[PDB]
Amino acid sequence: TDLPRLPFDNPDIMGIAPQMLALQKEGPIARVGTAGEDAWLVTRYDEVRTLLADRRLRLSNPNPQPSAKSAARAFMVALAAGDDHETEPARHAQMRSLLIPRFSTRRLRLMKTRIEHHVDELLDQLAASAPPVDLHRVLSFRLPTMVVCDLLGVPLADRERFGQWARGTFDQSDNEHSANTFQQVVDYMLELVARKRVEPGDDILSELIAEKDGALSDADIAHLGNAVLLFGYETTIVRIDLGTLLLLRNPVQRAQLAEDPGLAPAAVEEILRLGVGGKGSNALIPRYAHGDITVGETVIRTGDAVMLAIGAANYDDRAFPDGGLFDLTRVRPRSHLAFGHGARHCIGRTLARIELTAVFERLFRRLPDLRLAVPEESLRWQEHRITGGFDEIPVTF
């Protein structure tokens, strides 16, 4: 008997920690220690998907004496309207009602066109440069920040101002840096709301300002803008990095994709399913039980913390045959859980898929000899950031 303690070691730079796969083999749910509270860890696909759809399991903490959280986690939960368990039902319902129509098919069609031309220009700059080059800086970082500038209706150079703010806000190692960074986010977005009130355009804040004939306060609108800024580029950056790394590890699939860019949608779904970095602490969706829930033969009691391991579940052999293998020829693969599921299912997931599809349609056809310029083992997953990520991806081509 030895209580497993999150985060688990991973000897590889990607994939699932061996101890978590070991727990998955024993059963769907295990009690584990963490850096803070003990929690139930749920690792099998069927159970994680069922619990994500169970509205007794919520983001907000119902306990009278809530355990302490990093400033970074507190900001993340507040941006998702989860900071007050008594008001989360109404506030979270309103948040989704106001954000979902911002990602209309009309907007997504226009953005797909602009995204595809942008990737073309990004890859032309890449192809013309002298290697070694940092692919993270010149490609992975640049497309999703371009997209957030488009959503917010600001000049592209603004991403040079806000491009490290998700990382800084979500730095769990430094509460002062996290709070100082979030203040910069807030000031920028309040500036932006005041501008869009007199100079609207075809963008998110302008639509929120017009919503319900102006019923929302500037603070309410800026809060929604902050969620889009802070949730809306960094995780996509990380998936371009992971997808590149995964395709580099699978040359037969990569050659298939280069020969037939029509496989990119399928490749993107495999990248999202298998794209887990380092110790994979970001591939856990945290929840609290607001009522008792039975999982197998285990009772989760009201107030218990629950970690839903979407990464481990996406590797589950019971849901994906040969779950550890990258295979963009899978016939009718189950829907992966990388965007979550249920009440908090990722709001930008169709836009994120358009970005990743546009990149991987193009990348290895534009740069067929692309490869790392450094050993894989030298790439360092940033465990202190809630969103993880690599800081650089040196390549030659």
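Just count from 1 along the sequence shown to find any residue number.
Mean C-alpha B-factor higher for 181-189, or for 227-235? Between 181-189 and 227-235, it is 181-189.
Per the record, averaged over C-alpha atoms, which has the higher B-factor: 348-356 or 58-66? Mean B over CA atoms: larger for 58-66.
Quiz for you: based on the deposited Cα B-factor, which of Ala39, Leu367, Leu52, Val42 is highest? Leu367 has the highest C-alpha B-factor of those listed.
Compare the CA B factors listed in the entry for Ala78, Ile100, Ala157, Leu216 and report the winner. Going by the entry's C-alpha B-factors, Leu216 comes out highest.
Should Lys112 be placed in the lowest, middle or highest third of its chain by the C-alpha B factor in the entry? Its C-alpha B-factor, which the entry lists for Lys112, ranks in the lowest third among residues of this chain.
Sorting the chain's CA B-factors, does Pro375 end up in the lowest, middle or highest third? According to the entry, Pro375 has a C-alpha B-factor in the chain's middle third.
Ranked by Cα temperature factor within the chain, is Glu392 in the lowest third, the middle third or the highest third? It falls in the middle third of the chain.
Test of reading the entry: by CA B factor among the chain's modelled residues, which third contains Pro89? Highest third, going by the recorded CA B-factors of the chain.
Within this chain's modelled residues, let me know which third the CA B factor of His341 belongs to: lowest, middle or highest. For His341, whose C-alpha B-factor we compare with every modelled residue in the chain, the answer is the lowest third.
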